[PDB]
Amino acid sequence: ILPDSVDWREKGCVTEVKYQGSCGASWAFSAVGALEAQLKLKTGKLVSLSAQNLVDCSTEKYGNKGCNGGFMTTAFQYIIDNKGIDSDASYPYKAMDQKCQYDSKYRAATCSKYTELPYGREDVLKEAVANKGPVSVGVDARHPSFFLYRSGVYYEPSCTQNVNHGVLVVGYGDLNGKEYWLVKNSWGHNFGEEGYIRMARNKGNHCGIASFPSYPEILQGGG
Ligand SMILES: C[C@H]1COCCN1CCCn1nc(-c2ccc(Cl)c(C#Cc3ccc(Cl)c(CNCc4ccccc4)c3)c2)c2c1CCN(C(=O)C(N)=O)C2
């Protein structure tokens with residue numbers, strides 16, 4: 001059976017909330033967040049990964065445009081191809097497009113593979129959050145109510161399943177019966193609940209939370 005509630009912050013799998021600023025690189029933050037959890041699960045160490053490394057290096061060849069958008073799946077593919085990603089400390093975030101400055105000397109994580117989940121399947125997303133860890137997702141975050149979100153379970157009747165902002169699902173639960181997905185955003189700690197947004201769960205793919213989910217993996221050999 002799946003636990004009724006999950007919070008990956010309780011297992012020390014979630015780094016501090018980041019502030020993307022005037023750079024449309026939510027995709028890079030969503031991708032690093034998911035891999036940070038895997039790095040902790042596999043080694044026991046929590047280290048922030050370089051979103052800047054994705055912005056500057058996972059570019060045209062990955063269908064990404066740095067500060068003008070991108071995708072978590074192709075960000076994972078770049079990490080696979082590159083044989084690593086630098087730590088955030090070694091390659092810091094500047095909220096702007098720069099020349100690729102990857103340095104294998106400061107590589108903090110690898111990626112073996114990535115898995116995409118079926119569209120709108122909140123049951124499959126719940127299973128992946130429980131058994132695999134934090135899942136990279138897109139959400140419809142265009143509505144004034146998302147921008148004005150302070151606390152509780154976010155429900156927007158005007159929300160669509162067409163995603164426009166990359167976030168990280170780090171858990172799930174319920175607020176006195178109102179089911180939610182625990183979401184890590186990249187708008188700093190002053191957004192919502194210390195940088196988190198709890199979004200309506202099992203409400204017909206509310207805001208397209210389960211439209212395009214993906215998660216990376218770090219494999220330990222094989223048999
Ligand atoms: C095209 C091929 C080739 O190349 C690599 C892989 N690829 C993607 C294939 C799968 N696939 N994956 C996503 C997907 C997954 C995750 C995210 Cl995050 C986004 C996004 C976005 C986005 C869209 C518009 C804007 Cl303007 C912005 C910028 N942010 C604006 C903003 C809004 C609200 C608050 C703040 C900022 C981001 C999109 C989508 C799709 C299919 C079409 N999509 C939709 O039908 C939808 N839409 O569901 C979106």
Side-chain angles (χ1 to χ4, degrees), residues 5-37 46-52 54-55 66-72 75 88-89 92-97 125 129 133-176 178-201 203 205-215:
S5 305
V6 164
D7 190 346
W8 282 106
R9 300 175 293 182
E10 278 162 7
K11 288 188 180 163
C13 289
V14 188
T15 63
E16 6 103 46
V17 177
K18 305 306 188 306
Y19 182 74
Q20 70 182 89
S22 74
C23 175
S26 78
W27 63 277
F29 287 102
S30 172
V32 297
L35 194 60
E36 282 162 5
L46 190 69
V47 12
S48 283
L49 299 168
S50 181
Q52 198 57 59
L54 293 174
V55 171
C67 289
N68 302 123
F71 305 89
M72 296 83 81
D88 176 61
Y93 185 68
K94 305 284 178 196
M96 50 193 152
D97 301 297
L125 178 59
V129 178
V135 182
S136 288
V137 299
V139 292
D140 175 6
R142 272 179 174 134
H143 308 282
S145 61
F146 187 97
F147 278 69
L148 257 45
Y149 174 84
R150 290 206 276 149
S151 52
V153 184
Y154 179 77
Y155 182 82
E156 175 47 75
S158 294
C159 241
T160 71
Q161 297 179 65
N162 311 120
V163 306
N164 46 54
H165 181 64
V167 286
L168 222 215
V169 168
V170 294
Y172 61 83
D174 72 277
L175 206 176
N176 295 318
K178 285 280 153 198
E179 300 186 301
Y180 63 76
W181 288 113
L182 178 56
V183 176
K184 187 186 192 190
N185 197 9
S186 49
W187 288 6
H189 78 105
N190 295 348
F191 166 79
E193 306 163 323
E194 302 167 305
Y196 291 85
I197 178 167
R198 293 181 279 180
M199 305 186 66
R201 178 164 66 94
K203 293 299 202 72
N205 193 26
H206 187 254
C207 303
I209 189 137
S211 293
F212 295 96
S214 68
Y215 65 90

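Sequence positions, counted from 1, serve as the residue numbers for this chain.
- Minimum heavy-atom separation, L54 to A28: CD1-O, 3.6 Å.
- Between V163 and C207, the shortest heavy-atom distance links the atoms CG1-O, 4.2 Å.
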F29 and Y93: CA distance, side-chain angles, deciding distance, ring pair (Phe, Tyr, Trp, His ring centres under 6.0 Å) verdict: CA-CA 10 Å; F29 287 102; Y93 185 68; 4.7 Å; yes
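- Heavy-atom minimum distance, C13 versus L46: C-CD1, 3.6 Å.
- Listed for the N205 side chain is a donor-acceptor partner under 3.5 Å among the backbone atoms of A210.
- Here the OH atom belonging to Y180 is positioned 13.0 Å from the CD1 atom belonging to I197, to the nearest 0.5 angstrom.
- Under the 3.5 Å distance criterion, the side-chain polar atoms of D140 are matched with a main-chain donor or acceptor of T160.
- Distance CD/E193 to CG/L182: 8.5 Å, rounded to 0.5 Å.
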Would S48 and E16 count as a side-chain hydrogen bond (donor to acceptor under 3.5 Å, both in side chains) if you check the C-alpha gap in whole Å, the side-chain angles of each, and the deciding distance to 0.1 Å? CA-CA 8 Å; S48 283; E16 6 103 46; 3.1 Å; yes
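- The distance from atom CD of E36 to atom CG of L168, rounded to the nearest 0.5 Å, is 8.0 Å.
- Classification of the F146-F191 ring pair by plane angle, with boundaries at 30° and 60°, yields parallel.
- Annotation for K203 and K178: closest pair NZ-NZ, 3.7 Å, computed over non-hydrogen atoms.
- Looking only at side-chain heavy atoms (C-beta outward), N185 and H165 come within less than 4.5 Å of each other.
- Taking 4.5 Å as the limit, every side-chain heavy atom of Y172 sits out of range of all side-chain heavy atoms of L125.
- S136 contributes a side-chain N or O that, together with a main-chain N or O of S30, makes up a donor-acceptor pair within less than 3.5 Å.
- The backbone N or O of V129 sits less than 3.5 Å from a side-chain atom of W8, completing a donor-acceptor pair.
- Note that the CG atom of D97 and the SG atom of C23 stand 6.0 Å from one another [nearest 0.5 Å].
- The two atoms that bring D88 and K18 nearest to each other are OD2-CE, 4.4 Å, heavy atoms only.
- One distance of note links OG of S211 with CG of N162; it measures 7.0 Å at 0.5 Å rounding.
- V139 places none of its side-chain heavy atoms less than 4.5 Å from the side chain of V183.
- Across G173 and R201, no two heavy atoms sit closer than the pair O-NH2, 2.9 Å.
- Expressed to the nearest 0.5 Å, how far OH of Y149 lies from OH of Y196 amounts to 12.0 Å.
- Counting only heavy atoms from C-beta outward, the side chains of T15 and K184 approach each other to under 4.5 Å.
- With hydrogens and angles ignored, the 3.5 Å screen pairs no side-chain donor or acceptor of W27 with any backbone N or O of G138.
- Applying the ring pair (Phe, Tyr, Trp, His ring centres under 6.0 Å) test to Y155 and every residue at least two apart in sequence or in another chain returns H206.
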